[PDB]
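Enquirer: Coordinates in query-v1.tsv, TSV, C-alpha atoms and all ligand atoms, are listed below.
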```tsv
chain	number	residue	atom	x	y	z
A	1	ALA	CA	44.92	52.49	-4.88
A	2	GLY	CA	41.81	54.63	-5.04
A	3	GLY	CA	41.41	55.23	-1.33
A	4	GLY	CA	39.39	58.21	-0.13
A	5	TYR	CA	38.14	61.13	-2.21
A	6	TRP	CA	40.19	62.02	-5.29
A	7	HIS	CA	41.75	65.26	-6.64
A	8	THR	CA	43.42	66.41	-9.85
A	9	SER	CA	47.11	67.29	-10.34
A	10	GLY	CA	47.82	68.40	-13.88
A	11	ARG	CA	46.35	65.91	-16.34
A	12	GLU	CA	46.05	63.11	-13.78
A	13	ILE	CA	43.63	62.06	-11.05
A	14	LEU	CA	45.16	61.09	-7.68
A	15	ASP	CA	43.62	59.25	-4.74
A	16	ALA	CA	43.94	60.51	-1.19
A	17	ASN	CA	47.43	59.03	-0.73
A	18	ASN	CA	48.48	60.87	-3.88
A	19	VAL	CA	48.74	57.69	-5.94
A	20	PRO	CA	47.59	58.26	-9.54
A	21	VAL	CA	44.54	56.27	-10.58
A	22	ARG	CA	42.85	55.78	-13.94
A	23	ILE	CA	39.07	55.62	-14.48
A	24	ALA	CA	38.69	52.75	-16.92
A	25	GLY	CA	35.08	51.69	-16.68
A	26	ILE	CA	31.67	51.11	-18.17
A	27	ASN	CA	28.23	52.76	-18.52
A	28	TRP	CA	25.32	50.86	-16.91
A	29	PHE	CA	22.15	52.72	-17.84
A	30	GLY	CA	18.61	52.51	-16.66
A	31	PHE	CA	17.82	55.07	-13.96
A	32	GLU	CA	17.30	57.79	-16.58
A	33	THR	CA	14.62	55.81	-18.47
A	34	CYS	CA	10.99	55.39	-17.48
A	35	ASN	CA	11.74	52.06	-15.75
A	36	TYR	CA	13.49	54.06	-13.04
A	37	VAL	CA	16.19	51.46	-12.43
A	38	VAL	CA	19.25	50.00	-14.17
A	39	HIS	CA	18.24	47.54	-16.85
A	40	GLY	CA	18.91	43.80	-16.74
A	41	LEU	CA	17.68	43.16	-13.19
A	42	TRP	CA	14.87	41.19	-14.85
A	43	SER	CA	17.40	38.45	-15.59
A	44	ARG	CA	20.21	38.97	-13.08
A	45	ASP	CA	20.86	39.62	-9.43
A	46	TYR	CA	22.42	43.12	-9.10
A	47	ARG	CA	25.30	41.78	-7.04
A	48	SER	CA	25.97	39.05	-9.59
A	49	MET	CA	26.10	41.86	-12.21
A	50	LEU	CA	28.48	44.05	-10.21
A	51	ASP	CA	30.75	41.03	-9.53
A	52	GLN	CA	30.92	40.25	-13.27
A	53	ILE	CA	31.75	43.85	-14.15
A	54	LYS	CA	34.65	43.63	-11.69
A	55	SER	CA	35.75	40.26	-13.10
A	56	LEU	CA	36.07	41.70	-16.62
A	57	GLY	CA	38.46	44.29	-15.27
A	58	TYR	CA	36.28	47.44	-15.36
A	59	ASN	CA	36.85	49.70	-12.34
A	60	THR	CA	34.26	52.46	-12.55
A	61	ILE	CA	30.57	52.75	-13.42
A	62	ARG	CA	29.08	55.91	-14.90
A	63	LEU	CA	25.51	55.68	-13.61
A	64	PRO	CA	23.03	57.79	-15.65
A	65	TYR	CA	19.97	59.13	-13.80
A	66	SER	CA	17.06	61.53	-14.56
A	67	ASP	CA	15.49	63.98	-12.09
A	68	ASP	CA	12.41	61.76	-12.05
A	69	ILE	CA	14.00	59.38	-9.57
A	70	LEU	CA	14.12	62.22	-7.06
A	71	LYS	CA	10.35	62.68	-7.09
A	72	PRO	CA	8.86	61.18	-3.88
A	73	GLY	CA	7.91	57.56	-4.05
A	74	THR	CA	9.32	56.85	-7.52
A	75	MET	CA	9.66	53.04	-7.78
A	76	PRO	CA	11.52	50.80	-10.24
A	77	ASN	CA	9.34	48.87	-12.66
A	78	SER	CA	11.58	46.33	-14.41
A	79	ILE	CA	13.11	44.17	-11.68
A	80	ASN	CA	12.37	40.44	-11.20
A	81	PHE	CA	12.38	39.28	-7.55
A	82	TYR	CA	12.39	35.46	-7.91
A	83	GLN	CA	15.55	33.92	-6.42
A	84	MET	CA	17.33	37.25	-6.90
A	85	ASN	CA	17.12	40.92	-5.88
A	86	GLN	CA	15.06	39.84	-2.88
A	87	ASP	CA	16.44	42.81	-0.93
A	88	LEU	CA	15.43	45.47	-3.44
A	89	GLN	CA	11.78	44.65	-3.06
A	90	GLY	CA	9.66	47.52	-1.87
A	91	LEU	CA	12.49	50.02	-2.23
A	92	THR	CA	12.22	53.26	-4.16
A	93	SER	CA	14.52	53.99	-7.15
A	94	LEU	CA	16.74	55.97	-4.77
A	95	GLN	CA	16.94	53.17	-2.19
A	96	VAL	CA	17.80	50.77	-4.96
A	97	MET	CA	20.52	53.20	-5.98
A	98	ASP	CA	21.88	53.18	-2.39
A	99	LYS	CA	22.18	49.40	-2.61
A	100	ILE	CA	24.11	49.52	-5.89
A	101	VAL	CA	26.45	52.22	-4.63
A	102	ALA	CA	27.07	50.24	-1.43
A	103	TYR	CA	27.91	46.90	-2.99
A	104	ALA	CA	30.06	48.58	-5.63
A	105	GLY	CA	32.16	50.20	-2.88
A	106	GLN	CA	32.74	46.95	-1.02
A	107	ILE	CA	34.02	45.03	-4.05
A	108	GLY	CA	36.46	47.79	-5.07
A	109	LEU	CA	34.54	49.75	-7.74
A	110	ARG	CA	33.75	53.48	-7.94
A	111	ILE	CA	30.71	55.46	-9.18
A	112	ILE	CA	30.22	58.71	-11.12
A	113	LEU	CA	26.63	60.00	-11.14
A	114	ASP	CA	25.47	61.37	-14.48
A	115	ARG	CA	22.47	63.63	-14.83
A	116	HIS	CA	21.59	62.09	-18.18
A	117	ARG	CA	18.08	63.55	-18.75
A	118	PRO	CA	15.92	66.25	-17.18
A	119	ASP	CA	13.13	63.62	-17.11
A	120	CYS	CA	12.82	59.98	-18.25
A	121	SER	CA	11.32	61.05	-21.55
A	122	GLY	CA	14.56	62.14	-23.21
A	123	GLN	CA	17.74	64.22	-23.35
A	124	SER	CA	17.88	68.00	-23.58
A	125	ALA	CA	20.27	70.34	-25.36
A	126	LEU	CA	20.18	72.79	-22.51
A	127	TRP	CA	20.57	72.03	-18.81
A	128	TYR	CA	16.94	72.95	-18.09
A	129	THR	CA	13.52	72.72	-19.73
A	130	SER	CA	10.08	74.27	-19.26
A	131	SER	CA	9.18	71.38	-16.94
A	132	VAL	CA	12.56	70.89	-15.21
A	133	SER	CA	13.96	74.26	-14.25
A	134	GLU	CA	17.62	75.08	-13.56
A	135	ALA	CA	16.88	75.34	-9.82
A	136	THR	CA	15.49	71.80	-9.68
A	137	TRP	CA	18.61	70.66	-11.51
A	138	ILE	CA	20.78	72.25	-8.86
A	139	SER	CA	18.67	71.20	-5.87
A	140	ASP	CA	18.78	67.62	-7.17
A	141	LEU	CA	22.55	67.69	-7.65
A	142	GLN	CA	22.97	69.01	-4.12
A	143	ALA	CA	20.57	66.34	-2.72
A	144	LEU	CA	22.49	63.42	-4.24
A	145	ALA	CA	25.79	65.05	-3.09
A	146	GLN	CA	24.40	65.29	0.44
A	147	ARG	CA	23.07	61.70	0.32
A	148	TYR	CA	26.44	60.14	-0.45
A	149	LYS	CA	28.58	62.64	1.42
A	150	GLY	CA	31.17	60.65	3.32
A	151	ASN	CA	31.03	57.59	1.12
A	152	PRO	CA	33.93	57.97	-1.35
A	153	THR	CA	32.35	55.29	-3.53
A	154	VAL	CA	30.73	58.21	-5.36
A	155	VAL	CA	33.79	60.11	-6.63
A	156	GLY	CA	32.06	62.94	-8.49
A	157	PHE	CA	29.27	64.27	-10.73
A	158	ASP	CA	28.84	64.52	-14.56
A	159	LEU	CA	26.73	67.71	-14.43
A	160	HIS	CA	24.64	67.39	-17.60
A	161	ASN	CA	24.68	64.84	-20.37
A	162	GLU	CA	25.44	66.01	-23.88
A	163	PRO	CA	24.80	69.77	-23.92
A	164	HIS	CA	24.38	70.80	-27.57
A	165	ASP	CA	22.87	73.40	-29.92
A	166	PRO	CA	21.73	75.95	-29.07
A	167	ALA	CA	24.06	75.79	-26.01
A	168	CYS	CA	27.23	77.92	-26.21
A	169	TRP	CA	30.64	77.92	-24.52
A	170	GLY	CA	31.64	81.43	-23.43
A	171	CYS	CA	29.15	83.60	-25.35
A	172	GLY	CA	28.14	85.37	-22.13
A	173	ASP	CA	24.37	84.88	-22.68
A	174	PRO	CA	23.15	83.27	-19.36
A	175	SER	CA	20.37	81.34	-21.07
A	176	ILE	CA	22.62	79.28	-23.30
A	177	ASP	CA	26.13	79.63	-21.94
A	178	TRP	CA	26.90	76.15	-20.69
A	179	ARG	CA	30.28	77.38	-19.43
A	180	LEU	CA	28.58	79.66	-16.92
A	181	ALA	CA	25.96	77.05	-16.02
A	182	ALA	CA	28.53	74.40	-15.19
A	183	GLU	CA	30.30	76.81	-12.81
A	184	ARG	CA	26.96	77.66	-11.26
A	185	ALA	CA	26.14	73.94	-10.74
A	186	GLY	CA	29.64	72.81	-9.88
A	187	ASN	CA	29.94	75.42	-7.12
A	188	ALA	CA	26.58	74.43	-5.66
A	189	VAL	CA	27.74	70.82	-5.56
A	190	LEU	CA	31.11	71.72	-3.98
A	191	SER	CA	29.35	73.73	-1.27
A	192	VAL	CA	27.83	70.45	-0.04
A	193	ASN	CA	30.88	68.17	-0.46
A	194	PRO	CA	34.09	69.98	-1.56
A	195	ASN	CA	35.93	66.70	-2.22
A	196	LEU	CA	33.82	65.59	-5.18
A	197	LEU	CA	35.31	65.78	-8.63
A	198	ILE	CA	33.20	67.87	-11.09
A	199	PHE	CA	33.04	66.42	-14.62
A	200	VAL	CA	32.13	69.04	-17.22
A	201	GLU	CA	31.15	68.02	-20.73
A	202	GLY	CA	31.54	70.09	-23.86
A	203	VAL	CA	29.01	71.56	-26.25
A	204	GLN	CA	28.44	70.76	-29.94
A	205	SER	CA	29.47	73.85	-31.91
A	206	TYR	CA	32.23	76.35	-31.31
A	207	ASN	CA	33.27	78.87	-33.99
A	208	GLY	CA	30.94	77.35	-36.56
A	209	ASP	CA	32.71	74.00	-36.05
A	210	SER	CA	30.45	71.06	-35.15
A	211	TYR	CA	31.35	67.76	-33.42
A	212	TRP	CA	29.52	65.11	-31.32
A	213	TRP	CA	27.13	66.42	-28.64
A	214	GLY	CA	29.03	66.91	-25.42
A	215	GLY	CA	32.36	66.53	-27.16
A	216	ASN	CA	33.25	70.07	-28.36
A	217	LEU	CA	35.59	71.52	-25.70
A	218	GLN	CA	37.27	73.97	-28.14
A	219	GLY	CA	36.29	76.92	-25.99
A	220	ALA	CA	37.72	75.47	-22.79
A	221	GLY	CA	41.23	76.77	-23.33
A	222	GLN	CA	40.11	80.36	-23.74
A	223	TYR	CA	37.09	80.12	-21.42
A	224	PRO	CA	37.95	77.78	-18.54
A	225	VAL	CA	35.45	76.63	-15.94
A	226	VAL	CA	36.62	78.12	-12.64
A	227	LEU	CA	35.41	76.48	-9.42
A	228	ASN	CA	35.56	77.55	-5.77
A	229	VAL	CA	37.59	74.47	-4.77
A	230	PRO	CA	40.77	73.85	-6.79
A	231	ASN	CA	41.86	70.51	-8.28
A	232	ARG	CA	38.34	69.14	-8.67
A	233	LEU	CA	37.80	69.79	-12.39
A	234	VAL	CA	37.96	67.16	-15.12
A	235	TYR	CA	36.71	67.96	-18.63
A	236	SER	CA	34.75	65.34	-20.53
A	237	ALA	CA	34.01	64.46	-24.18
A	238	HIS	CA	32.02	61.85	-26.11
A	239	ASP	CA	32.99	60.42	-29.46
A	240	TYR	CA	31.18	57.87	-31.70
A	241	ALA	CA	31.48	56.23	-35.11
A	242	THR	CA	29.21	55.47	-38.03
A	243	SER	CA	27.02	53.00	-36.17
A	244	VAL	CA	25.67	56.14	-34.44
A	245	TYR	CA	26.12	58.81	-37.08
A	246	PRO	CA	28.02	58.74	-40.39
A	247	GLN	CA	29.97	61.90	-39.68
A	248	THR	CA	31.94	63.23	-42.65
A	249	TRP	CA	35.55	62.60	-41.42
A	250	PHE	CA	34.86	58.87	-41.88
A	251	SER	CA	34.53	59.56	-45.63
A	252	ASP	CA	37.87	61.33	-45.54
A	253	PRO	CA	40.32	59.41	-47.81
A	254	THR	CA	43.13	59.62	-45.24
A	255	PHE	CA	40.90	58.06	-42.57
A	256	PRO	CA	41.86	57.09	-39.87
A	257	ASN	CA	44.89	59.39	-40.09
A	258	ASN	CA	42.59	62.41	-39.82
A	259	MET	CA	41.17	61.23	-36.47
A	260	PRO	CA	43.86	62.34	-34.02
A	261	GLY	CA	43.61	65.79	-35.59
A	262	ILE	CA	39.87	65.92	-34.84
A	263	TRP	CA	40.41	64.48	-31.34
A	264	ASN	CA	43.33	66.78	-30.48
A	265	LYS	CA	41.34	69.81	-31.55
A	266	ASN	CA	38.08	69.12	-29.73
A	267	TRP	CA	39.43	67.65	-26.45
A	268	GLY	CA	42.93	66.15	-26.59
A	269	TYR	CA	44.68	69.53	-26.34
A	270	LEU	CA	43.61	69.99	-22.70
A	271	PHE	CA	45.45	66.76	-21.96
A	272	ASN	CA	48.44	67.31	-24.27
A	273	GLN	CA	48.91	70.75	-22.72
A	274	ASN	CA	48.54	69.44	-19.20
A	275	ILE	CA	45.68	71.81	-18.38
A	276	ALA	CA	43.42	69.26	-16.68
A	277	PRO	CA	42.52	65.52	-16.95
A	278	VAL	CA	40.20	64.58	-19.83
A	279	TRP	CA	37.55	61.80	-19.59
A	280	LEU	CA	36.06	60.15	-22.69
A	281	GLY	CA	32.66	59.53	-21.02
A	282	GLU	CA	30.87	57.67	-23.80
A	283	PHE	CA	32.07	55.85	-26.85
A	284	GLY	CA	30.89	52.66	-28.44
A	285	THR	CA	29.96	50.85	-31.61
A	286	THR	CA	28.27	47.73	-32.95
A	287	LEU	CA	31.53	47.02	-34.86
A	288	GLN	CA	29.51	46.07	-37.91
A	289	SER	CA	31.45	48.16	-40.39
A	290	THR	CA	35.17	47.84	-40.96
A	291	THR	CA	35.30	51.59	-40.32
A	292	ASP	CA	34.14	51.33	-36.68
A	293	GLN	CA	36.58	48.51	-36.09
A	294	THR	CA	39.41	50.70	-37.39
A	295	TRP	CA	38.02	53.71	-35.51
A	296	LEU	CA	38.00	51.73	-32.25
A	297	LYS	CA	41.50	50.30	-32.74
A	298	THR	CA	42.73	53.80	-33.56
A	299	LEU	CA	40.95	55.48	-30.66
A	300	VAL	CA	42.06	52.87	-28.12
A	301	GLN	CA	45.67	53.62	-29.01
A	302	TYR	CA	45.10	57.43	-28.84
A	303	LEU	CA	43.74	57.17	-25.27
A	304	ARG	CA	47.15	55.70	-24.27
A	305	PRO	CA	47.63	52.00	-23.28
A	306	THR	CA	48.12	51.39	-19.59
A	307	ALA	CA	51.23	49.20	-20.11
A	308	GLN	CA	53.06	52.20	-21.60
A	309	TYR	CA	51.52	55.24	-19.89
A	310	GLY	CA	49.85	53.97	-16.76
A	311	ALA	CA	47.67	56.58	-15.08
A	312	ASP	CA	49.12	59.41	-17.22
A	313	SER	CA	46.46	58.80	-19.85
A	314	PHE	CA	42.83	59.55	-20.67
A	315	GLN	CA	40.07	58.44	-18.33
A	316	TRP	CA	37.28	56.47	-20.04
A	317	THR	CA	33.92	54.73	-19.52
A	318	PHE	CA	32.67	52.71	-22.49
A	319	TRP	CA	29.05	52.55	-23.76
A	320	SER	CA	27.67	50.28	-22.73
A	321	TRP	CA	27.38	47.35	-20.39
A	322	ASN	CA	23.72	47.02	-21.58
A	323	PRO	CA	23.00	44.95	-24.68
A	324	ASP	CA	19.86	46.99	-25.29
A	325	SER	CA	21.47	50.07	-26.77
A	326	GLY	CA	20.17	50.91	-30.19
A	327	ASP	CA	23.26	51.77	-32.18
A	328	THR	CA	26.25	50.68	-30.09
A	329	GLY	CA	25.27	47.31	-28.66
A	330	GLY	CA	27.18	46.46	-25.48
A	331	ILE	CA	29.67	44.24	-23.65
A	332	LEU	CA	26.96	41.76	-22.61
A	333	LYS	CA	24.88	40.00	-25.21
A	334	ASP	CA	21.08	39.77	-25.48
A	335	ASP	CA	20.97	37.17	-22.70
A	336	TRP	CA	22.48	39.51	-20.07
A	337	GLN	CA	25.12	36.92	-19.34
A	338	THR	CA	27.29	36.10	-22.33
A	339	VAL	CA	30.14	38.55	-22.82
A	340	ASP	CA	31.02	39.85	-26.26
A	341	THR	CA	34.65	38.79	-25.71
A	342	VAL	CA	35.53	40.33	-29.04
A	343	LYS	CA	34.39	43.90	-28.32
A	344	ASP	CA	35.69	43.42	-24.81
A	345	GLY	CA	39.01	42.42	-26.39
A	346	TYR	CA	39.53	45.84	-27.95
A	347	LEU	CA	39.41	47.66	-24.60
A	348	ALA	CA	42.12	45.53	-22.99
A	349	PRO	CA	45.20	47.77	-23.58
A	350	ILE	CA	43.49	50.66	-21.77
A	351	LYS	CA	41.90	48.85	-18.82
A	352	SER	CA	43.51	49.55	-15.44
A	353	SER	CA	43.08	47.88	-12.05
A	354	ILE	CA	40.27	47.45	-9.53
A	355	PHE	CA	40.38	49.87	-6.58
A	356	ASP	CA	40.53	49.33	-2.86
A	357	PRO	CA	37.32	48.26	-1.14
A	358	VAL	CA	35.41	51.12	0.55
A	401	LIG	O1	19.89	56.52	-22.28
A	401	LIG	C1	19.21	55.33	-22.66
A	401	LIG	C2	19.21	55.18	-24.17
A	401	LIG	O2	20.55	55.46	-24.59
A	401	LIG	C3	20.72	55.50	-26.01
A	401	LIG	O3	22.13	55.62	-26.23
A	401	LIG	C4	22.57	56.97	-26.51
A	401	LIG	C5	23.09	57.73	-25.27
A	401	LIG	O4	22.12	57.74	-24.21
A	401	LIG	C6	23.39	59.18	-25.72
A	401	LIG	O5	24.01	59.89	-24.64
A	401	LIG	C7	24.25	59.29	-27.04
A	401	LIG	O6	23.99	60.57	-27.67
A	401	LIG	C8	24.08	60.57	-29.12
A	401	LIG	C9	22.66	60.66	-29.73
A	401	LIG	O7	21.85	59.55	-29.34
A	401	LIG	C10	22.81	60.71	-31.25
A	401	LIG	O8	21.54	60.73	-31.89
A	401	LIG	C11	23.58	61.98	-31.59
A	401	LIG	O9	23.70	62.07	-33.01
A	401	LIG	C12	23.83	63.43	-33.46
A	401	LIG	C13	25.30	63.80	-33.56
A	401	LIG	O10	25.83	63.92	-32.25
A	401	LIG	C14	25.47	65.13	-34.31
A	401	LIG	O11	26.85	65.42	-34.51
A	401	LIG	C15	24.76	65.04	-35.64
A	401	LIG	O12	24.93	66.23	-36.34
A	401	LIG	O13	23.36	64.85	-35.41
A	401	LIG	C16	23.09	63.56	-34.80
A	401	LIG	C17	21.57	63.47	-34.58
A	401	LIG	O14	20.87	63.54	-35.82
A	401	LIG	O15	24.91	61.91	-31.05
A	401	LIG	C18	24.94	61.77	-29.60
A	401	LIG	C19	26.39	61.59	-29.23
A	401	LIG	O16	27.06	62.84	-29.16
A	401	LIG	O17	23.94	58.26	-28.03
A	401	LIG	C20	23.74	56.93	-27.50
A	401	LIG	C21	23.51	55.98	-28.68
A	401	LIG	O18	22.40	56.39	-29.47
A	401	LIG	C22	20.23	54.20	-26.68
A	401	LIG	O19	20.25	54.35	-28.10
A	401	LIG	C23	18.81	53.83	-26.22
A	401	LIG	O20	18.44	52.55	-26.74
A	401	LIG	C24	18.76	53.81	-24.68
A	401	LIG	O21	17.45	53.50	-24.23
```
Is it possible to express this structure as C-alpha cells?
Ligand SMILES: OC[C@H]1O[C@@H](O[C@H]2[C@H](O)[C@@H](O)[C@H](O[C@H]3[C@H](O)[C@@H](O)[C@H](O[C@H]4[C@H](O)[C@@H](O)[C@H](O)O[C@@H]4CO)O[C@@H]3CO)O[C@@H]2CO)[C@H](O)[C@@H](O)[C@@H]1O
Expert:
Amino acid sequence: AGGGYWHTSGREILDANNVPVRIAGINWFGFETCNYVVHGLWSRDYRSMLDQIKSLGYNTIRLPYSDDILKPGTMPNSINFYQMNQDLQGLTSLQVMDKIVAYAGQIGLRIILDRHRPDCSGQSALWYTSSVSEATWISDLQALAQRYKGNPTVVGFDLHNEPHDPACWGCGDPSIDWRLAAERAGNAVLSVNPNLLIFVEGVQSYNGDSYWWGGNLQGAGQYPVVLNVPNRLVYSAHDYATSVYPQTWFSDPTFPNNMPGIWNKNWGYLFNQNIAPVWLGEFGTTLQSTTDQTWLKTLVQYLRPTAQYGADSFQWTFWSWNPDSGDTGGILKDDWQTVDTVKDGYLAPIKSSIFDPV
C-alpha cells in the first residue's frame, strides 16, 4: 500500500486507494547541523544506508533540516567520496537531498521533512528568531513543497520542531501563539501542494502543566488547527525518558502505571476520541537504566502493536538511526554498520510494512 499522496480519515492515514497505512519509521538526522548533510556518509554509501533501513523493516524517514540548506550554494561537508557516494560529489545540500528522496521512493520508503532548526546552530522555542524571520520560514516551506510537488515520496511537512516556552496554544497573542502560526504555515504549504499532510507538534506548557517540548497538545481539543484543505492534519508529540531528562513521573511509586495517564492527557486523547491521527515523532533512549527499559516496553504497548491493531494505531518515527546522538544513542552502533539488535528488538511489535515503490 502507500500509493500516491495520503489523507486522513478519523484517527487513521489512508493512501490514495483508501488503504490504511501506518508510519513506522526512523529519524536520520544531519541536514539541520552545520555539516549540511545527513551524518554517516563518511563511512557508508547513502544507498547502502537506505537499503539497510528498509531491511530492518522501517518504512518512513523523518528528515530534519535547517533553513541554512536553502541558502544558495550551501554544500555538505562530511561526506567521503572514495568507492562510495561518487554521485553526490559537487552537489549542494539540496541536490544531495534530491538524491536521498529519489532513492528512498524507488525502494518503497517515504519521507517527512522536518524543519528542525531555524539555522544549524540550534533549536528555537518559537518558530522564528531575530535572524530567521517567520516569512523566511514560510517561504522555505513553500520552496521545498514546490520542489517535490508531484513526487509522493515526500508525504508531508513537520512544520517546526519542538515549540516550547514561551510559545502558547490558543492564547490569541500572535507573537507566541503556535496554534495560529501552524495554521498560517500549513495553509501556505497547502496553497502550493494541497495533497501534503501537515504535521503539527505541540507546545510545552498548557494551563500551568509542563511536559516534553513539542509534546503538550492539551489545547488541541479546545483550540483545533483548522486548515484550508480537509483531511490533511495529523497532530504530533515527542516523549522521552530519563536518559534525556529525569522528569518527575519516573520517580512516581506507581511507575509505569502512571504513564498512560500522562500520555492520554497530553496527546493520546486525540486518538482515543478519534479526532485526528497522532504521530509520536521522536522518542528514544540509551536503555541504560532499568526505568527506560520499562518505559520503552510500556510505551511500545501503548502505541498499539500492529498484529492486534494494524493501521488503527499511533504513527511513530524513532530517534534515531544515528549512533551519534548524545542521550538516546541509536539503532546503528558507533561503526555505522552494526545494528543494536536489542534496541531494535523492542520496536518489533509496532513496525509495519514497506510501501510500494514510487
Ligand atoms: O539535531 C541533532 C542533535 O540532536 C540531539 O538530539 C535531540 C533532538 O534533536 C531534540 O529534538 C530533542 O529535544 C529535547 C532536548 O534536547 C532536551 O534538552 C529537552 O529537555 C528539556 C525537557 O524537554 C523539559 O521538559 C525540561 O523541563 O527541560 C529540559 C531541558 O533542560 O527535551 C527535548 C525533548 O522534548 O532531544 C534530542 C536528544 O537530546 C542530539 O543530542 C545531538 O547530539 C545531535 O547533534
Enquirer: Can you work out which one of A:64, A:156, A:166, A:76 has the shortest atom-to-atom distance to residue 206 of chain A, counting all atoms listed in the file?
Expert: A:166
Enquirer: Rank A:320, A:18, A:131, A:274 by their smallest atom-to-atom distance to residue 39 of chain A, using only C-alpha atoms, and report the top residue only.
Expert: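 Closest candidate: A:320.
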Enquirer: Write as a compact mmCIF listing (two decimals) with C-alpha atoms, in the frame of the given file the residues around ligand LIG 401 (chain A), taking 10 Å as the cut-off and counting only C-alpha atoms and all ligand atoms.
Expert:
```txt
# COMPACT_ATOMS: atom_id res chain seq x y z
CA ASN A 27 28.23 52.76 -18.52
CA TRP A 28 25.32 50.86 -16.91
CA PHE A 29 22.15 52.72 -17.84
CA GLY A 30 18.61 52.51 -16.66
CA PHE A 31 17.82 55.07 -13.96
CA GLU A 32 17.30 57.79 -16.58
CA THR A 33 14.62 55.81 -18.47
CA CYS A 34 10.99 55.39 -17.48
CA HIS A 39 18.24 47.54 -16.85
CA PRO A 64 23.03 57.79 -15.65
CA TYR A 65 19.97 59.13 -13.80
CA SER A 66 17.06 61.53 -14.56
CA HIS A 116 21.59 62.09 -18.18
CA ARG A 117 18.08 63.55 -18.75
CA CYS A 120 12.82 59.98 -18.25
CA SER A 121 11.32 61.05 -21.55
CA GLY A 122 14.56 62.14 -23.21
CA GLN A 123 17.74 64.22 -23.35
CA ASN A 161 24.68 64.84 -20.37
CA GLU A 162 25.44 66.01 -23.88
CA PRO A 163 24.80 69.77 -23.92
CA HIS A 164 24.38 70.80 -27.57
CA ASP A 165 22.87 73.40 -29.92
CA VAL A 203 29.01 71.56 -26.25
CA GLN A 204 28.44 70.76 -29.94
CA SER A 205 29.47 73.85 -31.91
CA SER A 210 30.45 71.06 -35.15
CA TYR A 211 31.35 67.76 -33.42
CA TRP A 212 29.52 65.11 -31.32
CA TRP A 213 27.13 66.42 -28.64
CA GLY A 214 29.03 66.91 -25.42
CA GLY A 215 32.36 66.53 -27.16
CA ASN A 216 33.25 70.07 -28.36
CA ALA A 237 34.01 64.46 -24.18
CA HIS A 238 32.02 61.85 -26.11
CA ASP A 239 32.99 60.42 -29.46
CA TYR A 240 31.18 57.87 -31.70
CA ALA A 241 31.48 56.23 -35.11
CA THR A 242 29.21 55.47 -38.03
CA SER A 243 27.02 53.00 -36.17
CA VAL A 244 25.67 56.14 -34.44
CA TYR A 245 26.12 58.81 -37.08
CA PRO A 246 28.02 58.74 -40.39
CA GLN A 247 29.97 61.90 -39.68
CA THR A 248 31.94 63.23 -42.65
CA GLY A 281 32.66 59.53 -21.02
CA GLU A 282 30.87 57.67 -23.80
CA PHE A 283 32.07 55.85 -26.85
CA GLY A 284 30.89 52.66 -28.44
CA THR A 285 29.96 50.85 -31.61
CA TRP A 319 29.05 52.55 -23.76
CA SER A 320 27.67 50.28 -22.73
CA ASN A 322 23.72 47.02 -21.58
CA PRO A 323 23.00 44.95 -24.68
CA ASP A 324 19.86 46.99 -25.29
CA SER A 325 21.47 50.07 -26.77
CA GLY A 326 20.17 50.91 -30.19
CA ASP A 327 23.26 51.77 -32.18
CA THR A 328 26.25 50.68 -30.09
CA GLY A 329 25.27 47.31 -28.66
```
Enquirer: Take atom CA of residue 128 of chain A and atom CA of residue 153 of chain A and report the distance between them in Å, one decimal.
Expert: 27.6 Å
Enquirer: So what do you get for atom CA of residue 297 of chain A versus atom CA of residue 255 of chain A, distance-wise?
Expert: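 Computing the Euclidean distance for atom CA of residue 297 of chain A and atom CA of residue 255 of chain A yields 12.5 Å.
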Enquirer: Kindly indicate which residue among A:174, A:10, A:202, A:108 lies nearest to residue 224 of chain A, using only C-alpha atoms for the distances.
Expert: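 Ranking A:174, A:10, A:202, A:108 by distance to residue 224 of chain A, first place goes to A:202.
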Enquirer: For atom CA of residue 102 of chain A and atom CA of residue 69 of chain A, determine how far apart the two atoms are, in Å to one decimal place.
Expert: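 Between these atoms lies a distance of 17.9 Å.
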Enquirer: Taking all atoms listed in the file into account, name the residue in A:140, A:171, A:41, A:318 that is nearest to residue 185 of chain A.
Expert: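 Smallest distance to residue 185 of chain A is found for A:140.
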Enquirer: Would you mind telling me which residue in A:314, A:249, A:199, A:127 lies nearest to residue 176 of chain A when using only C-alpha atoms?
Expert: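 Distance minimum relative to residue 176 of chain A lands on A:127.
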